[PDB]
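Breakdown of the fold
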Amino acid sequence: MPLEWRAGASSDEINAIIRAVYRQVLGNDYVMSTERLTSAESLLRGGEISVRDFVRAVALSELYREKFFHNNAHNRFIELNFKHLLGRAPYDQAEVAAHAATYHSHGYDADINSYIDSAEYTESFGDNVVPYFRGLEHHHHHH
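Residues numbered from 1 in each chain as written, not as in the entry; some residues may be left out. Heavy atoms only, no water.

Things to note about the environment of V21
Our working definition: Numbering of helices and strands starts at the N terminus; helices are DSSP runs of H or I of at least 4 residues and strands are runs of E of at least 2. Only protein chains enter the accessibility calculation, which uses a 1.4 Å probe; a residue whose area is less than 20% of its type maximum is buried, one above 50% is exposed, and one in between is partly exposed. Two residues qualify as a contact provided that any one of their heavy atoms is within 4.5 Å of a heavy atom in the partner residue.
If you trace the backbone, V21 turns up in helix α1 (residues 11-26). When its relative accessible area of 1% is taken as the criterion, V21 is described as buried. On a C-alpha basis, the gap between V21 and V58 in space is 7.6 Å, while along the polypeptide they are 37 residues apart. The contacts of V21, once residues within four sequence positions are left out, are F54, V55, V58 and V130.

Below you can see the structure in the form of structure tokens.
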């Protein structure tokens, strides 16, 4: 049973969104004790942005980029962006080459947005429900 945000929902649940999104996007329990995304987290807390646009900002974070693009191969970084935002693996080299070309021609931002604004991410996780890896869920919210 996944996590959903709605209007009037409590601070513990919104911080549980931030924890779940971050843990899903970076994999190994993310980065805190720093500036990070204090603006984006306040927009989620204020209800100014959707959960999709929050997850987009966490996958746009430079603390995700320096750790998984610079300390790891770009092909593997695309393979990470799939399992982190969609919950799948791009075993097709045509699929990896498509996102590599988007990454170089339209930038880091456009590649990340290709996962968030995709029809597989949308509908299944919607604007209110938090994305998870296919096979992982340990924070059940009744609705």
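Section: the layout of surface pockets
Note the cut-off: Only protein atoms enter the 1 Å grid used here, on which a cavity is any set of points holding a 1.4 Å probe that cannot leave and a pocket is any open set flanked by protein within 12 Å on both sides along at least five of seven lines; residues with an atom within 4 Å of a point are listed as lining. Grid points are joined across faces, edges and corners, and a volume is the space filled by probe spheres set on the points.
Here the largest pocket is characterised by a volume of approximately 430 Å³. The wall of the largest pocket is formed by 16 residues, among which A20, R23, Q24, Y132 and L136 lie closest to the centre. Of all the secondary-structure elements, those providing two or more residues to the lining of the largest pocket are α1 and α5 (74-85). In terms of residues, the lining of the largest pocket owes the most to one element, α1, which gives three residues.

Thoughts on the packing of aromatic side chains
The description of two aromatic rings rests on the distance between their centres and on the angle between their planes. Heads up, the rule is: Pairing of aromatic rings covers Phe, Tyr and the six-membered ring of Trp, with a centre-to-centre limit of 6.5 Å; geometry is then stacked below 30 degrees between planes, edge-to-face above 60, and tilted otherwise.
Applying the stated rule across the entire model yields twelve aromatic pairs. A centroid spacing of 5.3 Å and a plane angle of 50° characterise the contact between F69 and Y103, whose relative ring orientation is tilted. Residue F69 is found in helix α4 (residues 62-70), and its partner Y103 is found in helix α6 (residues 93-105); the two are separated by 34 residues along the sequence. For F69, a relative accessible area of 22% puts it in the partly exposed group.

Topic: the nonpolar core
Definition in use: We call a set of buried residues a nonpolar core when its members are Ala, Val, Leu, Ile, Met, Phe, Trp, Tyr or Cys and they connect through side-chain atoms within 4.5 Å of each other.
Core analysis: the biggest nonpolar cluster contains 38 residues, and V25, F54, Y64 and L85 have the highest contact counts within it. Elements supplying a minimum of two residues to this core: α1, α2 (38-45), α3 (51-60), α4, α5, α6 and α7 (108-116). Top contributing element to this core by residue count: α1, with seven residues.

Details of the side chain of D111
The criterion, for reference: Any pair of N or O atoms that falls within 3.5 Å is considered a polar contact. Within protein, one atom must be able to donate a hydrogen and the other to accept it, and sequence-neighbouring residues count only if both atoms are side-chain atoms.
Along the chain, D111 falls in helix α7. At 3.1 Å, the side chain of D111 forms a polar contact with the side chain of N81. What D111 contacts, discounting residues up to four positions off in sequence, is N81, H99, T102 and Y103.

What to know about α6
To keep it simple, the criterion reads: Expected helix span is taken as 1.5 Å per residue step, with the number of steps being one fewer than the number of residues. Directions are taken from the helix axis to each C-beta atom, and the arc is the one they span.
Taking 1.5 Å per residue as the helical rise, α6 with its 13 residues ought to reach 18 Å, and the 18 Å between its terminal C-alpha atoms agrees with that figure. Where α6 is concerned, the buried positions are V96, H99, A100 and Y103. Along the axis of α6, the buried positions cluster into a sector of 105°, meaning they face one direction only. Opposite its buried face, α6 presents the exposed residues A94 and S105, each directed more than 90 degrees away. Positioned one or two residues after α6, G107 has a phi angle of 100°, which is positive.

Considerations on the pattern of salt bridges
Note the threshold: For this analysis, a salt bridge means a side-chain nitrogen from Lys or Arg found within 4 Å of a carboxyl oxygen belonging to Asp or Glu.
Counting across every chain of the model gives eight salt bridges. A salt bridge links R19 to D29; the nearest nitrogen and oxygen atoms lie 3.0 Å apart. With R19 in helix α1 and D29 in the loop between α1 and α2, the pair connects residues that are ten residues apart, well separated along the chain. With a relative accessible area of 30%, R19 lands in the partly exposed category. Judged by relative accessible area, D29 falls into the partly exposed class, the value being 37%. Where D29 meets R23, a salt bridge forms, and the shortest distance between an N and an O atom there is 3.2 Å.

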